[PDB]
2 protein chains.
Amino acid sequence: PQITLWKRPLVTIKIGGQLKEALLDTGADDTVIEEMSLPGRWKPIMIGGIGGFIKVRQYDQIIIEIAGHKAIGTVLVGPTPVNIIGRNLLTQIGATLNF
Amino acid sequence: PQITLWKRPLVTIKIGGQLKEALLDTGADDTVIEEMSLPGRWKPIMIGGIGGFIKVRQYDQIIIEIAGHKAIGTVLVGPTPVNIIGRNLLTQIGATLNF
Ligand SMILES: CCCC[C@@H](CN[C@@H](CCCC)C(=O)N[C@@H](CCC(N)=O)C(=O)N[C@@H](CCCNC(N)=[NH2+])C(N)=O)NC(=O)[C@@H](NC(=O)[C@@H](NC(C)=O)[C@@H](C)O)[C@@H](C)CC
């Protein structure tokens with residue numbers, strides 16, 4: 001669909017078979033989800049944001065549905081202020097910025 | 001135009017008489033620009049995201065051209081690692097997310 005930005009671009013996602021709400025984020029390289037139990041092997045890494053760096057668990061090849069669109073890729077799990085869907089998965093669902 | 005997300009959606013902007021490169025961030029409520037000596041009155045506020053919060057100066061009615069599109073609104077100035085164009089301005093240039 002076409003989503004305007006007057007409101008935060010929040011969509012429903014399905015991960016680990018669980019429904020969550022996430023923010024479509026063009027300014028995010030990666031996808032970061034709040035702490036949760038996720039079936040899969042992980043590796044600890046650090047990511048950055050506007051205020052500094054935080055440590056997250058890196059899960060690869062995770063099946064996730066975004067607004068009904070399928071994506072299978074890297075999902076970072078950690079203490080993020082909000083669930084965000086980054087470019088790694090936005091490209092998978094064919095999302096583009098238009099103006 | 002249409003901007004794909006294979007790489008960071010960076011565009012040229014003009015603010016305070018200077019040209020800079022900024023990130024189109026749909027996951028940002030407001031606009032945060034790198035430290036620059038913008039003239040005029042301002043208000044001290046704090047803004048954040050991943051890693052925490054940072055101190056910035058809030059300027060109102062700032063003229064800013066984004067990728068050739070004129071806009072006018074609130075601009076936060078401070079020690080941000082990246083020039084961030086938020087929704088407050090993305091809506092003004094008619095930007096949408098499409099998939
Ligand atoms: C988590 C909060 C919501 C999403 C977030 C995404 N921001 C981009 C900004 C660009 C970097 C400064 C970001 O953090 N992107 C990260 C997301 C994490 C990730 N791993 O993708 C990123 O791409 N990080 C890269 C590196 C970015 C820096 N790059 C560089 N210096 N070359 C990384 N780690 O790979 N939004 C924000 O940070 C904005 N905050 C907000 O919109 C809200 N604040 C809060 C706390 O939620 C609102 C209430 O103010 C900031 C800019 C203030 C308006």
# chains A, B, ... in the order shown; residues from 1 in each chain; ligands from 1
>>> residues_around(residues="stretch 15-30 of chain B", least_positions_apart="2", cutoff="10 Å", atoms="only C-alpha atoms", output="ChimeraX atom specification")
/A:4-10,23-28,82,84-86,97 /B:3,8-13,32-34,36-39,47-49,62-67,73-76,82-91,95-97
>>> select_by_dssp(residues="chain B", states="helix (DSSP H, G or I)", output="ChimeraX atom specification")
/B:87-90
>>> calpha_fit_rmsd(fixed="chain A", moving="chain B")
0.6 Å
>>> atom_distance(atom1="atom 44 (N, counted along the ligand's line) of ligand 1", atom2="atom CA of residue A:41")
29.6 Å
>>> closest_residue(among="A:50, A:71, A:56, A:45", to="ligand 1", atoms="only C-alpha atoms and all ligand atoms")
A:50
>>> closest_residue(among="A:43, A:58, A:14, A:81", to="ligand 1", atoms="only C-alpha atoms and all ligand atoms")
A:81
>>> closest_residue(among="A:51, A:77, A:61, A:92", to="chain B", atoms="only C-alpha atoms")
A:51
>>> select_by_dssp(residues="chain B", states="strand (DSSP E)", output="PyMOL selection string")
chain B and resi 2-3+10-15+18-24+32-34+43-49+52-66+69-78+84-85+96-98
>>> closest_residue(among="B:52, B:68, B:40, B:78", to="chain A", atoms="only C-alpha atoms")
B:52
